[PDB]
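Quick heads-up: it's one chain on its own, the form deposited in one PDB entry, in structure tokens.
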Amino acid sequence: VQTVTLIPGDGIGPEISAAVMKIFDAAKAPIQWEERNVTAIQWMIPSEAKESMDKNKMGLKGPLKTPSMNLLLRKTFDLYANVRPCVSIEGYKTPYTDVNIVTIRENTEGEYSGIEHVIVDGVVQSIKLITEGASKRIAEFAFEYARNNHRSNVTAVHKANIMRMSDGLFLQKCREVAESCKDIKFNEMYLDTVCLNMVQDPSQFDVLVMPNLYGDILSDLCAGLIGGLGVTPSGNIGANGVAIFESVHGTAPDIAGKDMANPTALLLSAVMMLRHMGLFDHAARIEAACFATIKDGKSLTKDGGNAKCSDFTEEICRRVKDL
């Protein structure tokens, strides 16, 4: 029985957290919810949130309203690896059905170095930063992820033809790690080609590892194939064994209290959270309880038909009890 710091956040954030908590309890999940309120101070997150995370090591984040809170959390906990597993959902159907891709994004560096200059009037310089350490680290994690999540392929995505020195260095590190992990099959690929083939046949891809800007785009691209941010798990891995798992959609202030919300994504992020800890039994049970609920497809939210967030949440609890 472990404690997990909880950031319900804003708008529909409380509801979907309350729905995730109730489903976790209905599924007998050995989890305690140390609720917490992240917010900018002085700039820092509060000492109580900081302390909760260094203690518990695991968290769940609902949508946070608007520096950026995400930026803040990253630098605070050294969140270096954004992971987004995209899988097609039976019942919530898109023109893409064969999808099973994990987008592994370097999260500290790359094109988001935060360094821009006005060199002269009407001439701006933006710095893309690629280091040896950060590239090696995000590579090692990708290969570690594939092993621990039983994935066959890891594809390094890049633009080394154009940006030789930077993307070439990144690529150089991915090669070294791949040589130390020959049990995973490693291939390289240009970002434009990946995009080109992804929209034609996304079943060709398995695990994508890449610098900051490409990952930021491809993660959203893949998410769009499976049906949007409203059904997409996400997880950020930090320094010395810390990890937040968030709802990566908006706060939906329109329907904050009206009980039309959809907890699916935060739930899947929680399932993903459980898998990371090692509670595979509970993860698979709740995941299957969700997919089966969506597949019936009469008791769906507005995000959908006309059944409430509670009726959806109860439907999960009904089924997850009966393993």
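Definition used throughout: the rigid core is the maximal C-alpha set that superposes within 1.5 Å between two forms. Numbering starts at 1 and runs along the sequence shown.
The entry shows a gap from residue 42 to residue 43, with 4 to 9 unmodelled residues of the deposited sequence in between. Counting the unmodelled positions of the deposited sequence between residue 32 and residue 33 gives zero.
Comparing 94-102 with 120-128, the stretch with the higher mean C-alpha B-factor in the PDB entry is 94-102. For the pair 181-189 and 154-162, the record assigns the higher mean C-alpha temperature factor to 181-189. Residues shown: 267, 294, 38, 274. Highest C-alpha temperature factor in the entry: 38. Annotation for residue 107: CA B-factor lies in the lowest third of the chain's modelled residues. Residue 244: CA B factor lies in the middle third for its chain, per the PDB record.
When all modelled residues of the chain are sorted by CA temperature factor, residue 71 is found within the highest third. Per-chain ranking of the deposited C-alpha B factor places residue 250 in the middle third.
We do not show the form deposited in another entry, though everything after this point is about it.
The residue among 176, 188, 201, 116 whose Cα moves by 2 angstroms or more between the shown form and the other one, once the core is superposed, is 116.
With the core held fixed, residue 125 shows a CA shift of 2 Å or greater between the shown form and the other one. Fitting the two forms on the rigid core leaves the C-alpha of residue 214 displaced by at least 2 angstroms between the shown form and the other one.
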